[PDB]
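Peer 1: Shown below is the structure under consideration.
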Amino acid sequence: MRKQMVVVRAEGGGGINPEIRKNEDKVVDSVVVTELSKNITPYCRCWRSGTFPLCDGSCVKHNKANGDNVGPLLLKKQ
Amino acid sequence: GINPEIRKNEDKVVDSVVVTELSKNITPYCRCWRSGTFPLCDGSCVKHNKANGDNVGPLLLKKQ
Ligand code: FES
Ligand code: FES
């Protein structure tokens, strides 16, 4: 959408992940659950985190800008 | 927007998993907000990806 080479990604389209790992056929991440170190580890469901697949709070910025309500998955040891 | 309809009465939709409670060897959790079994993945991602030229997929929680 909007070619200047540079493609400006204007508007919407149907997608939800404009930027992350676009070279991958399908972005899947795996967690072997015994590898968790903290009691609670938040995982990103918004495709905006700078530490994706972890949540860095970018969801907060996305929600306010877009009138959305997404948030992370909390993996808990206990 | 990312989430069309899930739990709009919540200003921020968060789910928790106590990993010792998982039953399947690999349990897929939805990151696309299209699953009919959200927060689980039911493969709606695949249809979404095809329809919208996207490449999103689940988080897989594995025992081994
Ligand atoms: S940064 Fe994506 S869910 Fe928090
Ligand atoms: S149904 Fe949403 S990630 Fe598979």
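Order determines the names: the first chain of the structure tokens is A, the second B, and so forth; residues in each chain are numbered 1 upward, and ligands are numbered 1 upward as they are shown.
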Hey, what's within 12 Å of residue 40 in chain A if we count only C-alpha atoms and toss same-chain stuff fewer than 2 positions away? As a list in words, please?
Peer 2: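 Near residue 40 in chain A, the qualifying residues are residues 33, 36, 37, 38, 42, 43, 54, 55, 72, 73, 74, 75, 76, 77 and 78 of chain A; 15, 16, 17, 18 and 19 of chain B.
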Peer 1: Store the residues picked out above, limited to N, CA, C and O atoms, as a PDB file, in the first residue's frame.
Peer 2:
```
ATOM      1  N   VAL A  33       8.111 -25.965  28.861  1.00  0.00           N
ATOM      2  CA  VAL A  33       7.671 -25.224  30.030  1.00  0.00           C
ATOM      3  C   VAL A  33       8.601 -25.321  31.216  1.00  0.00           C
ATOM      4  O   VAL A  33       8.600 -24.422  32.038  1.00  0.00           O
ATOM      5  N   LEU A  36      11.120 -22.270  31.888  1.00  0.00           N
ATOM      6  CA  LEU A  36      10.765 -21.001  32.527  1.00  0.00           C
ATOM      7  C   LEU A  36      11.591 -20.772  33.799  1.00  0.00           C
ATOM      8  O   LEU A  36      11.821 -21.685  34.601  1.00  0.00           O
ATOM      9  N   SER A  37      12.070 -19.552  33.983  1.00  0.00           N
ATOM     10  CA  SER A  37      12.880 -19.260  35.192  1.00  0.00           C
ATOM     11  C   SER A  37      12.147 -18.465  36.264  1.00  0.00           C
ATOM     12  O   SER A  37      12.266 -18.794  37.432  1.00  0.00           O
ATOM     13  N   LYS A  38      11.423 -17.415  35.876  1.00  0.00           N
ATOM     14  CA  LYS A  38      10.603 -16.610  36.780  1.00  0.00           C
ATOM     15  C   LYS A  38       9.300 -17.398  37.072  1.00  0.00           C
ATOM     16  O   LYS A  38       8.857 -18.259  36.288  1.00  0.00           O
ATOM     17  N   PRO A  42       5.408 -13.173  30.931  1.00  0.00           N
ATOM     18  CA  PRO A  42       4.370 -12.766  30.004  1.00  0.00           C
ATOM     19  C   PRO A  42       4.820 -12.868  28.548  1.00  0.00           C
ATOM     20  O   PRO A  42       5.902 -12.370  28.182  1.00  0.00           O
ATOM     21  N   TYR A  43       3.967 -13.497  27.729  1.00  0.00           N
ATOM     22  CA  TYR A  43       4.197 -13.713  26.322  1.00  0.00           C
ATOM     23  C   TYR A  43       3.259 -12.833  25.505  1.00  0.00           C
ATOM     24  O   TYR A  43       2.077 -12.698  25.788  1.00  0.00           O
ATOM     25  N   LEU A  54       8.196 -12.361  23.846  1.00  0.00           N
ATOM     26  CA  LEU A  54       7.860 -11.859  25.184  1.00  0.00           C
ATOM     27  C   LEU A  54       7.102 -10.563  25.081  1.00  0.00           C
ATOM     28  O   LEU A  54       7.235  -9.835  24.067  1.00  0.00           O
ATOM     29  N   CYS A  55       6.279 -10.277  26.092  1.00  0.00           N
ATOM     30  CA  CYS A  55       5.565  -9.002  26.211  1.00  0.00           C
ATOM     31  C   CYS A  55       6.449  -7.947  26.841  1.00  0.00           C
ATOM     32  O   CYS A  55       7.015  -8.185  27.907  1.00  0.00           O
ATOM     33  N   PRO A  72      -1.199  -9.857  27.192  1.00  0.00           N
ATOM     34  CA  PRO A  72      -0.331 -11.009  27.099  1.00  0.00           C
ATOM     35  C   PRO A  72      -0.916 -12.287  27.735  1.00  0.00           C
ATOM     36  O   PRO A  72      -1.946 -12.274  28.440  1.00  0.00           O
ATOM     37  N   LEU A  73      -0.256 -13.378  27.434  1.00  0.00           N
ATOM     38  CA  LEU A  73      -0.462 -14.699  28.071  1.00  0.00           C
ATOM     39  C   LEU A  73       0.561 -14.871  29.178  1.00  0.00           C
ATOM     40  O   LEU A  73       1.757 -14.735  28.935  1.00  0.00           O
ATOM     41  N   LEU A  74       0.111 -15.155  30.401  1.00  0.00           N
ATOM     42  CA  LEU A  74       1.002 -15.265  31.540  1.00  0.00           C
ATOM     43  C   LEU A  74       1.302 -16.719  31.795  1.00  0.00           C
ATOM     44  O   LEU A  74       0.395 -17.473  32.145  1.00  0.00           O
ATOM     45  N   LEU A  75       2.543 -17.136  31.602  1.00  0.00           N
ATOM     46  CA  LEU A  75       2.944 -18.497  31.904  1.00  0.00           C
ATOM     47  C   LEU A  75       3.441 -18.565  33.328  1.00  0.00           C
ATOM     48  O   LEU A  75       4.378 -17.818  33.684  1.00  0.00           O
ATOM     49  N   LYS A  76       2.829 -19.435  34.134  1.00  0.00           N
ATOM     50  CA  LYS A  76       3.090 -19.480  35.548  1.00  0.00           C
ATOM     51  C   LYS A  76       3.607 -20.837  35.963  1.00  0.00           C
ATOM     52  O   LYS A  76       3.098 -21.871  35.544  1.00  0.00           O
ATOM     53  N   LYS A  77       4.622 -20.812  36.809  1.00  0.00           N
ATOM     54  CA  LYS A  77       5.178 -22.065  37.345  1.00  0.00           C
ATOM     55  C   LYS A  77       4.308 -22.647  38.459  1.00  0.00           C
ATOM     56  O   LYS A  77       4.386 -23.849  38.706  1.00  0.00           O
ATOM     57  N   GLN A  78       3.575 -21.787  39.166  1.00  0.00           N
ATOM     58  CA  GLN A  78       2.765 -22.134  40.309  1.00  0.00           C
ATOM     59  C   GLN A  78       1.477 -21.367  40.200  1.00  0.00           C
ATOM     60  O   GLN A  78       1.392 -20.300  39.619  1.00  0.00           O
TER      61      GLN A  78
ATOM     62  N   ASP B  15      -4.665 -13.785  29.947  1.00  0.00           N
ATOM     63  CA  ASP B  15      -4.980 -15.166  30.350  1.00  0.00           C
ATOM     64  C   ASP B  15      -3.775 -15.726  31.005  1.00  0.00           C
ATOM     65  O   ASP B  15      -2.648 -15.356  30.662  1.00  0.00           O
ATOM     66  N   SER B  16      -4.000 -16.653  31.912  1.00  0.00           N
ATOM     67  CA  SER B  16      -2.909 -17.309  32.650  1.00  0.00           C
ATOM     68  C   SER B  16      -2.915 -18.801  32.424  1.00  0.00           C
ATOM     69  O   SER B  16      -4.009 -19.405  32.328  1.00  0.00           O
ATOM     70  N   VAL B  17      -1.721 -19.403  32.431  1.00  0.00           N
ATOM     71  CA  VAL B  17      -1.569 -20.842  32.328  1.00  0.00           C
ATOM     72  C   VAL B  17      -0.636 -21.274  33.435  1.00  0.00           C
ATOM     73  O   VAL B  17       0.491 -20.823  33.459  1.00  0.00           O
ATOM     74  N   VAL B  18      -1.088 -22.169  34.298  1.00  0.00           N
ATOM     75  CA  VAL B  18      -0.179 -22.797  35.262  1.00  0.00           C
ATOM     76  C   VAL B  18       0.352 -24.028  34.543  1.00  0.00           C
ATOM     77  O   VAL B  18      -0.405 -24.970  34.254  1.00  0.00           O
ATOM     78  N   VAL B  19       1.638 -24.001  34.206  1.00  0.00           N
ATOM     79  CA  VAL B  19       2.135 -24.957  33.215  1.00  0.00           C
ATOM     80  C   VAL B  19       2.098 -26.414  33.669  1.00  0.00           C
ATOM     81  O   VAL B  19       2.020 -27.320  32.830  1.00  0.00           O
TER      82      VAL B  19
END
```
Peer 1: When you get a sec, could you note down which chain B residues fall within 8 Å of chain A, using only C-alpha atoms, as a PyMOL selection string?
Peer 2: chain B and resi 1-3+8+10-20+30-32+49+51-64
Peer 1: Output N, CA and C atoms for every residue in that selection, as a tab-separated table (two decimals), in the first residue's frame.
Peer 2:
```tsv
chain	number	residue	atom	x	y	z
B	1	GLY	N	-6.54	-2.34	14.24
B	1	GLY	CA	-6.98	-3.20	15.38
B	1	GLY	C	-6.48	-4.60	15.16
B	2	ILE	N	-6.36	-5.36	16.24
B	2	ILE	CA	-5.90	-6.73	16.15
B	2	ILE	C	-6.97	-7.71	16.56
B	3	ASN	N	-7.73	-7.39	17.61
B	3	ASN	CA	-8.71	-8.31	18.14
B	3	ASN	C	-10.10	-7.84	17.75
B	8	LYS	N	-14.57	-7.88	24.85
B	8	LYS	CA	-14.51	-6.43	24.76
B	8	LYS	C	-14.92	-5.71	26.05
B	10	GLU	N	-13.43	-6.33	28.70
B	10	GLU	CA	-12.14	-6.25	29.40
B	10	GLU	C	-11.28	-5.23	28.65
B	11	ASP	N	-10.76	-4.24	29.37
B	11	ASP	CA	-9.93	-3.23	28.70
B	11	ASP	C	-8.58	-3.78	28.26
B	12	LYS	N	-8.15	-4.87	28.90
B	12	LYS	CA	-6.92	-5.55	28.54
B	12	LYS	C	-7.15	-7.05	28.79
B	13	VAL	N	-7.15	-7.85	27.73
B	13	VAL	CA	-7.44	-9.29	27.86
B	13	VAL	C	-6.13	-10.03	28.14
B	14	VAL	N	-6.07	-10.60	29.33
B	14	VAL	CA	-4.96	-11.37	29.80
B	14	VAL	C	-5.46	-12.76	30.19
B	15	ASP	N	-4.66	-13.78	29.95
B	15	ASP	CA	-4.98	-15.17	30.35
B	15	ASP	C	-3.77	-15.73	31.00
B	16	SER	N	-4.00	-16.65	31.91
B	16	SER	CA	-2.91	-17.31	32.65
B	16	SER	C	-2.92	-18.80	32.42
B	17	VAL	N	-1.72	-19.40	32.43
B	17	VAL	CA	-1.57	-20.84	32.33
B	17	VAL	C	-0.64	-21.27	33.43
B	18	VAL	N	-1.09	-22.17	34.30
B	18	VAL	CA	-0.18	-22.80	35.26
B	18	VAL	C	0.35	-24.03	34.54
B	19	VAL	N	1.64	-24.00	34.21
B	19	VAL	CA	2.14	-24.96	33.21
B	19	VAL	C	2.10	-26.41	33.67
B	20	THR	N	2.08	-26.66	34.98
B	20	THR	CA	1.95	-28.02	35.52
B	20	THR	C	0.55	-28.62	35.29
B	30	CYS	N	-3.46	-19.25	21.23
B	30	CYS	CA	-3.74	-18.34	20.15
B	30	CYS	C	-3.03	-17.01	20.33
B	31	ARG	N	-2.45	-16.54	19.22
B	31	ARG	CA	-1.85	-15.18	19.14
B	31	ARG	C	-2.53	-14.38	18.03
B	32	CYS	N	-3.62	-14.89	17.46
B	32	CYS	CA	-4.25	-14.22	16.34
B	32	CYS	C	-5.62	-13.60	16.66
B	49	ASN	N	-4.41	-16.25	7.79
B	49	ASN	CA	-3.16	-16.05	7.06
B	49	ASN	C	-3.40	-16.15	5.54
B	51	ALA	N	-6.41	-15.85	3.91
B	51	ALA	CA	-7.31	-14.78	3.49
B	51	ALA	C	-6.64	-13.41	3.42
B	52	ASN	N	-5.74	-13.11	4.36
B	52	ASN	CA	-5.21	-11.76	4.54
B	52	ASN	C	-3.72	-11.61	4.22
B	53	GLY	N	-3.11	-12.64	3.64
B	53	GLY	CA	-1.68	-12.67	3.37
B	53	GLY	C	-0.83	-12.39	4.62
B	54	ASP	N	-1.19	-13.01	5.75
B	54	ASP	CA	-0.49	-12.80	7.00
B	54	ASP	C	0.35	-14.05	7.35
B	55	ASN	N	1.09	-14.02	8.45
B	55	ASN	CA	1.94	-15.13	8.79
B	55	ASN	C	1.98	-15.38	10.30
B	56	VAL	N	0.88	-15.11	10.99
B	56	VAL	CA	0.82	-15.31	12.44
B	56	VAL	C	0.53	-16.76	12.83
B	57	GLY	N	0.96	-17.13	14.00
B	57	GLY	CA	0.70	-18.47	14.51
B	57	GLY	C	0.82	-18.54	15.98
B	58	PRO	N	0.55	-19.72	16.54
B	58	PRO	CA	0.41	-19.88	17.99
B	58	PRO	C	1.73	-19.95	18.71
B	59	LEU	N	1.58	-19.81	20.03
B	59	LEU	CA	2.62	-20.13	20.98
B	59	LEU	C	2.40	-21.58	21.41
B	60	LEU	N	3.41	-22.44	21.26
B	60	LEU	CA	3.31	-23.85	21.59
B	60	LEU	C	3.93	-24.11	22.93
B	61	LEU	N	3.13	-24.63	23.85
B	61	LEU	CA	3.64	-24.96	25.18
B	61	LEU	C	3.92	-26.47	25.21
B	62	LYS	N	5.19	-26.80	25.41
B	62	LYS	CA	5.64	-28.20	25.30
B	62	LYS	C	6.11	-28.77	26.60
B	63	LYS	N	5.78	-30.02	26.86
B	63	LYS	CA	6.37	-30.76	27.99
B	63	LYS	C	7.74	-31.37	27.62
B	64	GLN	N	7.77	-32.17	26.54
B	64	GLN	CA	9.00	-32.70	25.97
B	64	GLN	C	8.90	-32.40	24.50
```
Peer 1: Suppose you want the space between CA of residue 36 in chain B and CA of residue 5 in chain B; what is it in Å?
Peer 2: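 These two atoms are separated by 10.9 Å.
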Peer 1: Could you go through range 8-61 of chain A and tell me which residues DSSP, when run on the backbone, assigns to helix (DSSP H, G or I), listing them as a ChimeraX atom specification?
Peer 2: /A:33-35,58-61
Peer 1: Print the selection's residues with N, CA, C and O atoms to a file, as a PDB file, in the first residue's frame.
Peer 2:
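Below is the file that was written, part.pdb:
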```pdb
ATOM      1  N   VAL A  33       8.111 -25.965  28.861  1.00  0.00           N
ATOM      2  CA  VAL A  33       7.671 -25.224  30.030  1.00  0.00           C
ATOM      3  C   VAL A  33       8.601 -25.321  31.216  1.00  0.00           C
ATOM      4  O   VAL A  33       8.600 -24.422  32.038  1.00  0.00           O
ATOM      5  N   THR A  34       9.374 -26.396  31.325  1.00  0.00           N
ATOM      6  CA  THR A  34      10.372 -26.486  32.382  1.00  0.00           C
ATOM      7  C   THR A  34      11.530 -25.507  32.212  1.00  0.00           C
ATOM      8  O   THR A  34      12.295 -25.270  33.133  1.00  0.00           O
ATOM      9  N   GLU A  35      11.631 -24.859  31.067  1.00  0.00           N
ATOM     10  CA  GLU A  35      12.674 -23.891  30.870  1.00  0.00           C
ATOM     11  C   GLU A  35      12.363 -22.503  31.443  1.00  0.00           C
ATOM     12  O   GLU A  35      13.270 -21.676  31.532  1.00  0.00           O
ATOM     13  N   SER A  58       4.260  -3.180  24.908  1.00  0.00           N
ATOM     14  CA  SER A  58       3.859  -2.472  23.697  1.00  0.00           C
ATOM     15  C   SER A  58       2.371  -2.597  23.449  1.00  0.00           C
ATOM     16  O   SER A  58       1.789  -1.719  22.809  1.00  0.00           O
ATOM     17  N   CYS A  59       1.741  -3.650  23.978  1.00  0.00           N
ATOM     18  CA  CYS A  59       0.290  -3.835  23.918  1.00  0.00           C
ATOM     19  C   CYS A  59      -0.465  -2.603  24.441  1.00  0.00           C
ATOM     20  O   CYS A  59      -1.490  -2.183  23.880  1.00  0.00           O
ATOM     21  N   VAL A  60       0.056  -2.017  25.525  1.00  0.00           N
ATOM     22  CA  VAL A  60      -0.503  -0.809  26.141  1.00  0.00           C
ATOM     23  C   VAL A  60      -0.544   0.344  25.146  1.00  0.00           C
ATOM     24  O   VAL A  60      -1.547   1.059  25.057  1.00  0.00           O
ATOM     25  N   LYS A  61       0.541   0.501  24.397  1.00  0.00           N
ATOM     26  CA  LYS A  61       0.655   1.559  23.412  1.00  0.00           C
ATOM     27  C   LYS A  61      -0.279   1.292  22.226  1.00  0.00           C
ATOM     28  O   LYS A  61      -0.922   2.202  21.699  1.00  0.00           O
TER      29      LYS A  61
END
```
Peer 1: Near residue 44 in chain B, counting only C-alpha atoms, which residues have an atom at most 6 Å away, once you skip same-chain residues fewer than 3 positions from it, shown as a count of residues only?
Peer 2: 3
Peer 1: To one decimal in Å, tell me the separation between atom 2 (Fe, counted along the ligand's line) of ligand 2 and CA of residue 9 in chain B.
Peer 2: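 That distance, rounded to one decimal, is 19.9 Å.
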Peer 1: Just list as a PyMOL selection string whatever in chain B DSSP marks as strand (DSSP E).
Peer 2: chain B and resi 15-18+26-29+56-62
Peer 1: Figure out the distance between CA of residue 37 in chain B and CA of residue 7 in chain B, please, to one decimal in Å.
Peer 2: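 Rounded to one decimal, the two atoms are 12.3 Å apart.
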